[PDB]
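Notes follow the structure.
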Amino acid sequence: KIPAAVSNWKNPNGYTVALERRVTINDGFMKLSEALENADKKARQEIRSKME
Amino acid sequence: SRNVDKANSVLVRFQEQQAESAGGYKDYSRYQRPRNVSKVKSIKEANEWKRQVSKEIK
Amino acid sequence: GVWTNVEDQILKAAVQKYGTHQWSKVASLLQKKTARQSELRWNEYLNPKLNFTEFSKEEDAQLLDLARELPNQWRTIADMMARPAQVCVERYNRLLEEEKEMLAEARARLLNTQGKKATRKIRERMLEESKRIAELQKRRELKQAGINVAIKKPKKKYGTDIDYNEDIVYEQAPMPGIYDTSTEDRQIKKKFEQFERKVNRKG
Amino acid sequence: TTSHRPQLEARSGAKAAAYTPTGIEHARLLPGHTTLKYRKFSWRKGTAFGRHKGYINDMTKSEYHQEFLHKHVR
Amino acid sequence: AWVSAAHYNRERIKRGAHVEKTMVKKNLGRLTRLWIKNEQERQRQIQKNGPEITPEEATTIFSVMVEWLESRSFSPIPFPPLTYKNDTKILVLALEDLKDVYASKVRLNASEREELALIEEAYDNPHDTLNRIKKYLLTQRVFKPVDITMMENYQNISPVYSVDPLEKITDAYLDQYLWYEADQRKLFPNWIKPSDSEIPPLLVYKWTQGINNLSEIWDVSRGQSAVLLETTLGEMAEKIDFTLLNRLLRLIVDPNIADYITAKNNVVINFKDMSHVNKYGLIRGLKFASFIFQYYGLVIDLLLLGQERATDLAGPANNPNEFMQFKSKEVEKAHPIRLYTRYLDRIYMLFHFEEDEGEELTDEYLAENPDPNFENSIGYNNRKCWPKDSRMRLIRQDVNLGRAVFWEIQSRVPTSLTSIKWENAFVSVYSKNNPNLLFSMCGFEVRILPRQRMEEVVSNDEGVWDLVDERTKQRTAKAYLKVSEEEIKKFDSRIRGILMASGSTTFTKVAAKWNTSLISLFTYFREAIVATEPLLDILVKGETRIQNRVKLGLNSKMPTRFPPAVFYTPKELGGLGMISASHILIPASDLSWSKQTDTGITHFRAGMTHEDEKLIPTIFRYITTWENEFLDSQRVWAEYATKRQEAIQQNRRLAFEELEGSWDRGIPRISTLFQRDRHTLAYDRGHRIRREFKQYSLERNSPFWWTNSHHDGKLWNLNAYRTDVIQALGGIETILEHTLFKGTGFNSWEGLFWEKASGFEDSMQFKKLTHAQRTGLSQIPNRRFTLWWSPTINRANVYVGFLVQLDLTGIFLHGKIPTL
Amino acid sequence: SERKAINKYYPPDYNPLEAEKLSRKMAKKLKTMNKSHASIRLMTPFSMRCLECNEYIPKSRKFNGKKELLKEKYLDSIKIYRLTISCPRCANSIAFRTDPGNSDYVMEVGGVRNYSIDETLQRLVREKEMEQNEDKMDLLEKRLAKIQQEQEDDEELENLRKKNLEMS
RNA sequence: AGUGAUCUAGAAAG
RNA sequence: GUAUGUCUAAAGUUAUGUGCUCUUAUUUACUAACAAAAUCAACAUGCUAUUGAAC
Ligand SMILES: [Mg+2]
Ligand SMILES: [Mg+2]
Ligand SMILES: [Zn+2]
């Protein structure tokens, strides 16, 4: 059985059709953000430590 | 421009005039019908005006 | 620029006809809105696929983690949450504390199915049948007046045009089989001529 | 829309066969090639990252298409 | 099949082969589909298999940037309060830059009407707009989609991004504010270009003079070498990762501004029915994109140079170096990289090596990449534009040294950040075997030859700079100039675009577009055009085709109808007012000898010629060449400095009368000192890069992107050309002999005018109806133009033409001329 | 013959002056030279609605319409024209006329648009006076409110900036 | 102290 | 690229039940398929502030 073809671009006969027919994260991102967060912490603590 | 102002150009009007002079040709559908009938004297041309009224009522 | 309830209903009814790739047609109804704004309104509020339901506790955990793993990248976070972006931004913030006339035009346009030249064509058909019935009734009046005018056949558009009443136009007789058809042939001829006399006198 | 239609069947050449040619001389049907042929029969330490420390049958992902896009879109 | 047809038609378009007018925009369409499709595939693969940048690379990049900004004692840019002193000046500069687009346009669609509505709202209500901008900076983190379009430049299409107007006002404010505060805080070192202080021809001039003024640079007696590396940072903008960008930006700007910038890049991109989120890479069309581009560029600069040599080039933070200078010769000669600059994504390095340093680098490269075949000469990028005699000579030692220099530098930047490839790199070596040092910068092909390496020191024309040793003020080298081939193709594509878009239009519009294009070429490249014969050929063809557009408008290409007086007579005398570059003689030479060595001008080709032989002047004779501009500017500004000091000592005004005669000299012009806008222009930092980046935001960007008249002044003056074309065409009495002038019965030309001098265009009602655009210019209608020049257009001595007589007159037409 | 023909054929006896005089005598009797309107193609200048059948007519729809020069002129000098179309559904005549003084159009018959010479001269003079010429305590109280609103905005923004730091 | 090298060219329909 | 469509003049009836005279476009002027991608030429040589009745 072949379904009826409903286009999202075309409507030759002007049919109003039911609306519903007209309508995970990779781990590297976590590792990258975590590493940059730790590098930022290193920067903060180094400038704080040598501020004395 | 359209057919109407081409047909009402000076050359076409002059050719109509020359044709009604040189050979008696006159397409009466171009011309306004006489309001008063009695000013028309020829039986031929009066009958042609009658034909114009006939096609108008059709 | 605020969106009215009537404008939202017009947009949904318009997308039912036009789909999600013809926003200039949608905006031709919404008189104070552009196509750009209409596509925004659909895609971010009125599309039924959007999930505006309250977040589960697991969703709040997921959203806070993603907001750390992909900082400020709210369209990416939203695509991962499978929710609208402004919803995700508001949630993240929570967790860290005369119009009748337009509707009349809308209904008139959207319930029109015919299009322009088809409407002109049915108008033309109406006029043609009007002229036909004019000839028919005039012929009937003149027949009552006792001056029997014949009906005028249509003018040939080209020199070889066909009148389908004069001939069986491309007669393809049945090929003769083994069985004799003669008796029922003369019966059919009787039937046809009887019908012709009947329509002549009874109409 | 109803003027704008797909081809359900093609026109049969049997129709053209049913009547005779009408004598128009086409230029491409003038004589030409009138005979048939026949066959015989220290400064490098100061940087963080220095070393001191194919065809596929998809036109769009092929390296030629990638190079073409990098050349002609800029 | 569709993608194959796209490939084939693109090749035909970029060749200049026959292509239909509709086919060009069809190809534009198909190719923009294919580019978006490929970019979507790239973004999805980044999401699937992860970021290109490793965590180790990210943490050490962050460490390098932190080390730099700490060593500079950089104070990060704060968020601007409403009490900020420069708020109204920053906003008025932003709104002026935004309004400059629509002051020069008439096709105002709804978005661009809304633009002007918001701009006039903002001019009316500065405080309201400041408050709105700042609350959006603090709070808004989700943005409307960006439409992308592509612009058909006939060598390649280029992207253009349409941002929402209300967002665009915020982005313009932020761009202005960031560039101002970054100049105040000295974020960007001297080597980062374009700069507010230099037009691009002056950057090329200062680079060449800087090379010549390095100590011991030209000596080769000890086996020294100089190496000049030019390459692009390939794919730099599209490889910017947003979390690395956000944590990098937080080192220099307030977290609210960094978060705004980061979120503003993460937007939906739309084209027709195609739509995707930009999840990776900078959108070049954002108004602040130049800032992001230059700061990410500074990260890459620090990776290339290292901390130590970067501090050498930039100098101590409390009194930094000016561009290409050092605090002493000891600091200069400490390290092989003598000079660095980056113009956007093009880096330039000069290395000076001792003989043993060069040997060491070369044997390292050959240790890892040995060449027993001597195949290294194959695929070595070399300058086609110069003869074989004077381009780089591919000796074994120099080729290997250049490959080693590249091979060293390519390691220094991760591939995840930038795509540095040999195929996009040029490495010229100056040595005992190579006397010429070559590079290409800003569209100028440059070849430096020292006087000590010239076999005979001849005198030269314009288009050869003499480079001066500033220690003695003596000339010590020559720099030969040409236009880059890609810039010649760009000019040809521009004239081609004019020709295509000008079907059945007014002739004076075509002439005006040609004039604008020719002026933009000649005022930019100036003297580099002289030695560039392919450009002269292209110029002649282009002017001929521009005239052919007029001729085919009149359905007749016949030369005798259209003498030079028809085209080159000024507009107020009824001509098209074209400016000429094509009536020159073109230098001609033996092709083989010219491929091999500098033949010299032995012969001349005829350029454009007409049987009415007239000495039409050239545009080139009225523009001061850049060498003379820069030398005169140095003299002029030093003189002004001395005058300024004595005026300060007197405590009286350094007068207008005291600087007259020097008023219209200098780069920037002396006149810039005294313009009334000087006090508001002082805050418009970053204007030049902003003007160059407009190519990504706006369709049909200006051809004069390289100079800002407000900051640089008026850098050319073509008033004399009009007088000289009038005299060249035989004077006014000769010009009107071609015209229907005496058919009017007027006695004399003087006192006659075309415009009817009505007061309607001064009406307030007209101002209400036409407020978007200035309207001083006036076209000549085609029928009036044809009637005016009718005694020569309908002349009697046609080559062919069927003689017919107009009805009921004794007028004869020789052929068919439309509108006559 | 082509569109752009240069010459037309005149008979050898053709005198142009006599021909024009004869054609002028003829023109007073031809039907289509003396009918009261000129047929034209035009776009609908504004959105309008038919009153017979309530059909909406959008702007920029092309029609075949009738043009009439009217007897009356704007300020006795400038030509006014009536422009008449017919409704696409029901064929009823819709008419509107030009309004030269406003540089606009005004509706006449059959439809409705969506959304005196002495008096006119006086109004024009007064308009020119406005063109050339182009509560005190209430305005001061508005200046008080404006200055308060301006100075309080910085504190509001600083509260948002601090709130963002707290949220972070 | 002067040798020469010389493209074109218009009509219809859309 | 100056759309295009229909209509009619038919035939009478097909057998039964010349003056005068304005005109410096004083024209109801008509057509839009055609093209639209406009910015070189700007901008003067030097910035402003003013008047209440009466007890
Ligand atoms: Mg056609
Ligand atoms: Mg067409
Ligand atoms: Zn109606």
Side-chain angles (χ1 to χ4, degrees), chain B residues 1-6 27-29 48 51-52 54-56 58, chain C residues 124 127-128 131 146-149 155, chain E residues 100-101 103-107 151-152 494 497-498 500-506 509 512-513 515-520 523 544 548 551-553 555-562 571 579 588 603-606 608-611 613 653 655-657 659-660 663 671 673-679 699-704 709-710 714-719 773-774 776-777 798-802 815-816, chain F residues 1-4 25 36-41 64 66-70 79-82:
Chain B
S1 281
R2 299 175 172 83
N3 275 36
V4 68
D5 64 308
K6 288 167 184 280
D27 186 346
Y28 282 69
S29 70
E48 180 52 47
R51 290 175 205 128
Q52 296 300 314
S54 305
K55 65 151 60 185
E56 191 67 38
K58 293 278 278 194
Chain C
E124 278 175 28
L127 293 156
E128 285 176 13
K131 289 179 286 191
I147 45 174
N148 294 27
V149 167
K155 190 176 186 291
Chain E
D100 188 66
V101 179
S104 68
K105 287 189 80 182
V106 296
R107 294 156 101 277
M151 294 275 90
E152 178 61 37
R494 185 173 184 91
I498 288 158
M500 185 154 284
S502 57
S504 55
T505 197
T506 304
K509 285 190 173 190
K513 287 175 178 172
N515 286 350
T516 308
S517 304
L518 185 71
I519 293 165
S520 75
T523 56
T544 307
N548 284 2
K551 290 174 171 177
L552 296 166
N555 289 44
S556 175
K557 278 186 79 189
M558 197 175 290
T560 191
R561 294 188 196 275
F562 305 103
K571 290 191 293 189
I579 293 161
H603 294 74
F604 282 112
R605 277 165 54 200
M608 288 185 86
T609 303
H610 205 275
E611 56 185 41
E613 185 165 41
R653 293 287 193 174
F656 175 87
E657 307 89 326
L659 302 177
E660 261 290 2
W663 174 270
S671 67
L673 295 158
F674 312 101
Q675 64 197 332
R676 277 167 63 111
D677 309 297
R678 195 263 172 282
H679 311 283
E699 304 185 352
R700 296 284 81 78
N701 187 30
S702 175
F704 298 101
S709 59
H710 301 292
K714 200 184 70 177
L715 297 191
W716 57 93
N717 188 358
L718 299 176
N719 289 2
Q773 179 59 48
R774 64 186 295 171
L777 74 180
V798 292
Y799 184 82
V800 296
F802 176 44
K816 299 180 164 173
Chain F
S1 294
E2 62 273 29
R3 172 161 69 98
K4 301 177 178 178
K25 185 62 173 179
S36 60
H37 51 73
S39 184
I40 52 160
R41 200 91 187 280
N64 291 285
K66 314 295 175 66
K67 198 186 75 170
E68 301 172 339
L69 180 77
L70 307 184
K79 294 167 187 166
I80 299 170
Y81 318 89
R82 180 176 299 109

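Hydrogens, waters and symmetry mates play no part in the numbers below; they use all other heavy atoms, side chains included. Throughout, a chain's letter reflects where its sequence line sits, starting with A, and its residues are numbered from 1.
B/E56 and B/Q52 share no donor-acceptor pair across their side chains, judged by distance under 3.5 Å alone.
The residue among E/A501 and F/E68 whose nearest nucleotide of RNA chain H lies closer to the 5′ end is F/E68. In terms of position along RNA chain H, the nucleotide closest to C/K155 lies nearer the 5' end than the nucleotide closest to the other residue of the pair C/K155 and E/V106. In terms of position along RNA chain G, the nucleotide closest to E/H603 lies nearer the 5' end than the nucleotide closest to the other residue of the pair E/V800 and E/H603.
Residue B/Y28 contributes atom OH, which lies 22 Å from atom P of H/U8 at whole-angstrom precision. Following rounding to the nearest Å, E/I519 (CD1) and H/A38 (P) show an atom-to-atom distance of 18 Å. Between E/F704 atom CZ and H/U39 atom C1' there is a gap of 8 Å when expressed in whole angstrom units. In this structure, E/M500 atom CE and H/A36 atom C1' are separated by 15 Å, rounded to whole Å. Note: CG (E/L552) to P (G/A9) measures 10 Å, nearest angstrom. When rounded to the nearest whole Å, the span between CZ of B/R51 and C1' of H/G12 equals 10 Å. Here the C1' atom of nucleotide H/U31 and the NZ atom of F/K67 are 13 Å apart, to the nearest Å. G/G10 atom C1' lies 14 Å from atom CG of E/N548, rounded to whole Å.
In this structure, F/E2 and E/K816 have side chains that are in contact, with non-hydrogen atoms separated by less than 4.5 Å.
Among residues two or more places apart in sequence or in another chain, the salt bridge (charged side-chain N to carboxylate O under 4.0 Å, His left out) test is passed with C/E124 by C/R120. E/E657 meets the salt bridge (charged side-chain N to carboxylate O under 4.0 Å, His left out) test with no other residue; sequence neighbours excluded.
Taking 3.5 Å as the limit, the base of H/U2 and the side chain of F/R3 contain a donor-acceptor pair of atoms between them.
Nearest to the side-chain atoms of E/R107 among the listed nucleotides H/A37, H/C30, G/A12 stands H/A37. Of the listed nucleotides (H/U28, H/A32, H/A38), H/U28 has the atom at the smallest distance from the side chain of F/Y81. Side chain of E/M558, nearest nucleotide from H/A3, G/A9, H/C30: G/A9. Distances from the side chain of F/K79 to the nucleotides G/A12, H/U27, G/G10 place H/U27 closest. Of the candidates G/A11, H/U2, H/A38, the closest approach to any side-chain atom of B/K6 belongs to H/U2. Out of G/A9, H/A37, H/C30, the shortest distance to the side chain of E/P559 is found at G/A9. Among the nucleotides H/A38, G/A9, H/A10, the one closest to any side-chain atom of B/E48 is H/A10. Among the nucleotides H/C34, H/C30, G/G10, the one closest to any side-chain atom of E/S504 is H/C34.
Using a 30° and 60° split on the angle between ring planes, E/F656 and E/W663 fall in the perpendicular class, above 60°.
Regarding contacts with the backbone of H/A38, a side-chain N or O of E/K513 is found under 4.0 angstrom from either OP1 or OP2.
In this strand, G/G4 does not stack on its neighbour G/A5 when judged by six-membered ring centres under 5.5 Å apart and planes inclined by less than 30°.
Residue contacts for F/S36: at a heavy-atom cut-off of 4.0 Å it reaches a base atom on one of the strands shown. Using a 4.0 Å heavy-atom criterion, one finds that E/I498 contacts the bases of the nucleic acid, with or without backbone contacts as well. As judged by a 4.0 angstrom heavy-atom cut-off over every strand, E/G815 is placed among residues touching the sugar-phosphate backbone only. At a threshold of 4.0 angstrom between heavy atoms, the contacts of E/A606 with the nucleic acid are absent. At the heavy-atom level, F/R82 lies nowhere under 4.0 Å from the strands shown. Residue contacts for E/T609: at a heavy-atom cut-off of 4.0 Å it reaches a base atom on one of the strands shown.
Sugar pucker annotation for H/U18: north, assigned from a positive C1'-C2'-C3'-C4' dihedral. North is the pucker class for the sugar of H/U6, given a positive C1'-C2'-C3'-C4' value. Sugar pucker of H/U8: north, as indicated by a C1'-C2'-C3'-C4' torsion of positive sign.
For the P atoms, the distance linking G/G10 with H/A38 amounts to 29 Å, nearest Å.
Proximity of a side-chain donor or acceptor of E/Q773 to a complementary backbone N or O of E/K105 within less than 3.5 Å is detected.
Here C/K131 does not pair with C/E128 in a salt bridge; the nearest charged N to carboxylate O distance is not below 4.0 Å.
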Original post:
Taking only Watson-Crick and G-U wobble pairs with both distances under 3.5 Å, what dot-bracket line describes RNA chain G, where [ ] shows pairs that cross earlier ones and | shows pairs with another strand?
Top reply: ..............

